[PDB]
Amino acid sequence: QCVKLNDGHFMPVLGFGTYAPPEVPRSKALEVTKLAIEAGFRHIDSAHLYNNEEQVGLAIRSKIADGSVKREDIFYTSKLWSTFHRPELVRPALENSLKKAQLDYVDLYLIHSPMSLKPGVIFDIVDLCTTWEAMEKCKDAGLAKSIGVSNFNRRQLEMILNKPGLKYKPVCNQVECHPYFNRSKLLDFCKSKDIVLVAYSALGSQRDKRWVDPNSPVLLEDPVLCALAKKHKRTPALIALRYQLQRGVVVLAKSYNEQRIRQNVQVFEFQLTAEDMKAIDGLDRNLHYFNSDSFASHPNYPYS
Ligand SMILES: NC(=O)c1ccc[n+]([C@@H]2O[C@H](COP(=O)([O-])OP(=O)(O)OC[C@H]3O[C@@H](n4cnc5c(N)ncnc54)[C@H](OP(=O)(O)O)[C@@H]3O)[C@@H](O)[C@H]2O)c1
C-alpha cells in the first residue's frame, strides 16, 4: 500500500532506514539496500548526515539497471542537514545529494531537524520559514517531487502552515515514534492538516551508546509486544511495525541483516485487533531514545 500525500504524490507506507553508525563499513549500506529492494522495499530513507548516499544510490541504480525495478518504483528520501538551513545553502545541498546518489530527483526532501547549526556543537539562528521557501523552490525546480520536515513539534509545523505566501504544505513530519513514545497528540494534529507522520525508531532505535541511554527500556523486550507476538505467531518487531500501519503512520525500519529485512516486509501479512491496538496504546512512557543533553538548550529544541 501507498498513502496519497497532500501534493498528490504517493508514498509507500513501509520505508527502509539506511542509517548505520560510522564504524559500519560503507559497503554494507550498498549490500543491504539491494537486499531491501529484493525483499520488497520500495521506500528508501537516506540523508546527507548518514554518509551513505553514494552507496544507497548505487544500490538503487544497480537494481534499475539490471531490470529488477524502474526508477519510478523507488521512493527515495534525502534530508537537508542542519548546517545548510540558511536559504542560499538549501538548493546546493540538494544538488550535492543528487550527485552523490547519481539520481535526477529525490521523491522526498526533508528538513532533517529544526535545530539549525553553524554553516561550514555550534548553534545557528535561522528563520525556518526562509529555509522552507528554498525547500519550495527545489520542488518547483523538479529536483524534489515532495518536500517535508522532520523532528518538528506542533508549534514548528504551525510556523510553516501559517507562513504568509506559503505555496506547499509539508507532506510529512518524520519523528521518533514507537509504542514507548507514540506521538498520539502530534499524529492527530498532523492528521488534521493532511500531513503524514513518518515514524523512525519504530523498533526502539539502534541504541547507539553516543545518543541512547543504555538503561532505557528495550522496546522489543517489552512484555506486551512479546505476548502479542506469541499470540499472532509474529515477532515483537512485526507487532511494533504493524501498530504504526494500523494507526495511519508511515513506518521506517532499519535492518542491516538479510533475514530481518525480509521479515519486516511481512508486516502486511497480518492484522492486530482493536483490543491489541489499545494494549499497545497503553505502553507510552514519553521515552525519547535520542537523548539530547547537548541540544536541549537549542531555541528550536522540539521536545521543550
Ligand atoms: N529524521 C531523523 O532525525 C531520524 C532519526 C533516526 C532515524 N532516522 C531514519 O529512520 C530509520 C529509523 O530506524 P533506526 O535507525 O532508529 O532503527 P530502527 O528502525 O528503530 O531498528 C532498530 C534495530 O532493530 C533491528 N531490526 C530491524 N528489524 C528487526 C527485526 N525483525 N527483529 C529484530 N530487530 C530488528 C535492527 O537491527 P539489525 O540492523 O541488526 O537488524 C535495528 O538496528 C533510520 O534508519 C533513519 O533512516 C531518522
Side-chain angles (χ1 to χ4, degrees), residues 14-37 39 41 43-60 62 76-84 93 96-97 100-101 106 108 110-115 117-118 120-122 150-151 174-178 180-181 198-208 210-222 235-237 240-241 244 251-264 287-290 292 294-296 298 301-303:
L14 179 60
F16 179 57
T18 65
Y19 175 78
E23 49 277 355
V24 178
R26 303 292 92 170
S27 61
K28 282 270 100 203
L30 164 61
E31 334 304 341
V32 301
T33 297
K34 280 192 259 186
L35 301 163
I37 293 170
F41 282 95
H43 178 163
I44 291 181
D45 185 86
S46 181
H48 164 90
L49 172 72
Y50 303 171
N51 189 24
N52 68 5
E53 272 169 313
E54 292 100 326
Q55 287 84 19
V56 171
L58 168 161
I60 288 162
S62 189
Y76 176 73
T77 295
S78 193
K79 321 185 177 97
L80 174 84
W81 186 229
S82 313
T83 49
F84 308 102
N96 162 291
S97 273
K100 302 194 181 230
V106 296
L108 173 65
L110 304 175
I111 306 189
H112 206 141
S113 147
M115 301 197 268
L117 302 186
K118 179 82 153 143
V121 174
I122 322 98
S150 181
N151 296 298
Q174 186 186 127
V175 299
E176 174 171 354
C177 185
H178 48 79
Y180 281 169
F181 187 35
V198 180
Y200 70 74
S201 289
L203 295 177
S205 100
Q206 308 192 36
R207 306 190 56 93
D208 184 328
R210 305 177 343 250
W211 336 98
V212 181
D213 187 348
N215 281 135
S216 71
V218 182
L219 179 73
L220 298 181
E221 301 182 8
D222 173 277
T235 70
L241 291 191
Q244 308 290 10
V251 75
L252 303 182
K254 175 257 170 180
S255 174
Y256 270 37
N257 173 276
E258 205 229 347
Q259 281 310 293
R260 295 188 279 278
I261 292 160
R262 296 173 69 81
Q263 184 187 106
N264 292 350
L287 185 269
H288 321 128
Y289 279 108
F290 284 69
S292 288
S294 177
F295 283 88
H298 199 291
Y301 180 65
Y303 299 139

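Only heavy atoms go into these numbers, but all of them, side chains included; no hydrogens, no water, no symmetry mates. By convention here, the first residue in the shown sequence is residue 1.
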What I'd like to find out is whether the side chain of [X] reaches to under 4.5 Å of the side chain of [Y], using heavy atoms alone.
X    : Y    : answer
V32  : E258 : no
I44  : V56  : yes
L14  : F41  : yes
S292 : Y303 : no

* **Contact summary for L203 and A240, nearest pair of heavy atoms** => CD2-CB, 4.2 Å
* Might you point out which heavy atoms bring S216 and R207 nearest each other, and give the distance in Å? => O-NH2, 2.8 Å
Would you find a donor on one side and an acceptor on the other, under 3.5 Å apart, between the side chain of [X] and the backbone of [Y]?
X    : Y    : answer
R26  : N51  : yes
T33  : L30  : no
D208 : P21  : no
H288 : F290 : no
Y289 : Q206 : no

* What do you reckon, are the aromatic ring centroids of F16 and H43 less than 6.0 Å apart? ->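 That pair fails the under 6.0 Å test.
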What I want to check is whether the side chains of [X] and [Y] have a donor and an acceptor closer together than 3.5 Å.
X    : Y    : result
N264 : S255 : no
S97  : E53  : yes
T235 : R260 : no

* Among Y19, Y200, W81, find the residue that satisfies the ring pair (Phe, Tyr, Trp, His ring centres under 6.0 Å) test when tested with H112. =>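 Testing each of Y19, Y200, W81 against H112, the sole residue satisfying ring pair (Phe, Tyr, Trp, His ring centres under 6.0 Å) is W81.
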* Verdict with reasoning, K79 to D45, per salt bridge (charged side-chain N to carboxylate O under 4.0 Å, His left out) -> CA-CA 9 Å; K79 321 185 177 97; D45 185 86; 2.4 Å; yes
